[PDB]
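The structure under discussion appears below in the form of structure tokens.
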Amino acid sequence: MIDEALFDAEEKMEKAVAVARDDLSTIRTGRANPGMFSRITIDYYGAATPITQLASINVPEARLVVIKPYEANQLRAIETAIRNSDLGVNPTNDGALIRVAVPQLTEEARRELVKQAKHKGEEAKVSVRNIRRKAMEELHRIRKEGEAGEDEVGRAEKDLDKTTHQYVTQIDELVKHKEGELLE
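Heads up: the sequence shown begins at 1 in PDB author numbering, then just goes up one per residue.
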């Protein structure tokens, strides 16, 4: 049915756009967020484990992160993972807390990250397009087989085209915004 193809495709695009927002969040910036720490993993009893699951990540000032590990025995293993990461960070030790001052990025690094953001956007747009294609070829099958009227299917095609472009644009705003986060 038109409905299933159309309503599910929309719902999937929303998820894809949501995934892209989260994905952009993982990029290092100025205006530190937790997301930049999300893909730092420690050895946690044999399982490669994100620090995000193992510590409460707080942002007091603009360029200062405060990380509180649930298990004090883990603190040194966490700080090292931060120290050995690709964040460009020199974390200090407080005892219960890890003090992470985040430096302003170099112009070279920020052109490389702007690059990273465009790519994550491109991936999500392609994903959105694939969702449209699957729903559109269902519409095409409905038409071919005469399971719905021609005018009916052509309105649904027009609707799907609109929905798709709205979500692609949303992804483009999402990148446009991370780009401006990175170039200030």
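Each residue gets a CB set at the ideal place from its N, CA and C atoms; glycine is no exception.
Check	Outcome
Do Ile98 and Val128 have their CB atoms nearer than 8 Å?	no
Distance, Cα to Cα, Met13 vs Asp94?	44 Å
Counting pairs of beta carbons, one from the region 20 to 40 and one from the region 99 to 114, are three or more of them closer than 8 Å?	yes
For a minimum of 3 consecutive residues, which ranges assigned as the beta strand (DSSP E) are wholly contained in the region 44 to 129?	47 to 50, 55 to 58, 64 to 69 and 98 to 101
Does the beta-carbon distance from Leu64 to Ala101 come in below 8 Å?	yes
With 16 other CB atoms within 10 Å as the buried threshold, where does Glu79 fall?	buried
Write down the C-beta distance between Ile142 and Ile2 rounded to the nearest angstrom, noting that I regard them as a contact closer than 8 Å.	6 Å
With DSSP as the reference, identify every bridge partner of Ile42, one or two as the case may be.	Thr49
Measure how close the beta-carbons of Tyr70 and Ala55 come, nearest whole angstrom, since I'm counting them as under 8 Å.	6 Å
Please report how far the alpha carbon of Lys162 lies from the alpha carbon of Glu184, in whole angstroms.	33 Å
Taking 8 Å as the threshold (C-beta atoms), are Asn58 and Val66 in contact?	yes
Quick one: using the 10 Å Cβ neighbour count with 16 as the cut-off for buried, is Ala62 buried or exposed?	exposed
Is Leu174 near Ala20, with beta carbons less than 8 Å apart?	yes
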